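**Student:** Residues in the sequence shown are numbered consecutively from 1, following the entry's author numbering.
Here's a structure for you.
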Amino acid sequence: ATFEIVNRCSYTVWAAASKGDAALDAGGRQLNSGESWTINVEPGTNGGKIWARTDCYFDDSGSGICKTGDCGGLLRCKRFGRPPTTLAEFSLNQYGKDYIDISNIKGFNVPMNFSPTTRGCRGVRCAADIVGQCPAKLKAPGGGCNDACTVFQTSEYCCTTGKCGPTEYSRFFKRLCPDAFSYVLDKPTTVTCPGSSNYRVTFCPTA
Ligand code: NA
């Protein structure tokens, strides 16, 4: 599959693409305002995620840190990032079908649109000002809006037993971005696309 990562934000972001135990394509790159990044995800990739990182400083070896989405201090991520991170999640070629979604389960930092560049399905977007409206107890100093599980580490917010209901915090993310996951057992907002589709991820799609 071919993903195009576009940065429409007025500020620089450092994109990342990982499937948990290995990088996706180069793993990460700096994206100035308006820059696009094309990557190739091997068909069958399961559990891949694309996200943005803000306020990064990297050395010549690619080691550094970001205030949001840091993935172990590396520019080229081999691992998911530290919350809060708006997540673009995808499983490809699962019995002739791709599955895509946007998730606020690990917080929110940058507005995001996730849409296919081919035919057969629709796209999902979370472009609200979640950071501006973020409750005080979930605000992250570095920037972004943390999820309740990251903050309070309870069975209910993290849904550890397996059963959990919506909380006051998940409804906040859900009220602003209905098309994104607000908690683990949230009613799936997943989109089903034809196998081997191509996609474009746009940061700050409305600005
Ligand atoms: Na998730």
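Where is the CB? At the ideal position from N, CA and C, for every residue including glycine.
Can you check which of these residues, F173, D59, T161, is closest to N146 by C-alpha distance?
**Tutor:** Locating residue 146 in the sequence shown gives position 146, where the first residue counts as 1. Minimum Cα distance to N146 is reached at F173.
**Student:** Just the C-alpha distance for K78 and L24, rounded to the nearest angstrom, thanks.
**Tutor:** The count along the sequence shown starts at 1 and reaches residue 78 at position 78. The count along the sequence shown starts at 1 and reaches residue 24 at position 24. Cα to Cα, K78 sits roughly 8 angstroms from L24.
**Student:** Which of the three DSSP states, helix, strand or coil, is assigned to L74?
**Tutor:** As a first step, residue 74 is located in the sequence shown; it is residue number 74 there, counting from the start. Note: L74 maps to strand in three-state DSSP.
**Student:** When we look at the beta-carbon of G44 and count the other beta-carbons within 10 Å, is it buried (16 or more) or exposed?
**Tutor:** In the sequence shown, residue 44 corresponds to position 44, counting from 1. The residue in question, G44, is exposed, as its Cβ has fewer than 16 Cβ neighbours within 10 Å.
**Student:** Tell me whether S91 counts as near the ligand NA, meaning its Cβ is closer than 6 angstroms to at least one heavy atom of that ligand.
**Tutor:** If you number the sequence shown from 1, residue 91 lands on position 91. It does not: the Cβ of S91 is nowhere closer than 6 angstroms to a heavy atom of the ligand NA.
**Student:** Can you give the Cα-Cα distance for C193 and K97, rounded to whole angstroms?
**Tutor:** Against the sequence shown, residue 193 aligns to sequence position 193. Against the sequence shown, residue 97 aligns to sequence position 97. Going by the C-alpha atoms only, they are around 6 angstroms apart.
**Student:** On the CB-based measure, 16 or more other CB atoms within 10 Å of its CB, does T117 come out buried or exposed?
**Tutor:** Here residue 117 refers to the residue found at position 117 of the sequence shown. Exposed, since its Cβ has fewer than 16 Cβ neighbours within 10 Å.
**Student:** If we ignore side chains and look at the alpha-carbon of each, how far apart do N93 and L138 end up?
**Tutor:** Along the sequence shown, read from residue 1 onward, the residue named residue 93 stands at position 93. Along the sequence shown, read from residue 1 onward, the residue named residue 138 stands at position 138. Computed Cα separation, rounded: 36 angstroms.
**Student:** Kindly indicate which three-state DSSP category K163 falls into: helix, strand or coil?
**Tutor:** In the sequence shown, the residue the question calls residue 163 occupies position 163. Three-state DSSP puts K163 in coil, outside helix and strand.
**Student:** Of all the beta strand (DSSP E) runs that stay within the bounds of the stretch 22 to 63, which reach a length of 3 or more residues?
**Tutor:** 23 to 31, 36 to 40, 48 to 58, all fully within the stretch 22 to 63.
**Student:** Measuring alpha carbon to alpha carbon, tell me which of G69, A127, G143, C66 ends up nearest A180.
**Tutor:** The residue given as residue 180 occupies position 180 in the sequence shown. Per the Cα distances, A127.
**Student:** Report back the beta-carbon spacing between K67 and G120 to the nearest angstrom; my notes put them in contact at under 8 angstroms.
**Tutor:** Walking along the sequence shown from the start, residue 67 turns up at place 67. Walking along the sequence shown from the start, residue 120 turns up at place 120. Contact flag wrong, Cβ pair sits at about 38 angstroms.
**Student:** Determine the direct distance from the alpha carbon of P84 to that of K106, and round the result to whole angstroms.
**Tutor:** For the purposes of this step, residue 106 is taken as residue 106 along the sequence shown, with counting starting at 1. For the purposes of this step, residue 84 is taken as residue 84 along the sequence shown, with counting starting at 1. Approximately 6 angstroms between the Cα atoms of the pair.
**Student:** Who does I100 pair with in a DSSP beta bridge?
**Tutor:** Sequence index remark: in the sequence shown, residue 100 carries index 100 (1-based). Answer is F90, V191, bridged to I100.
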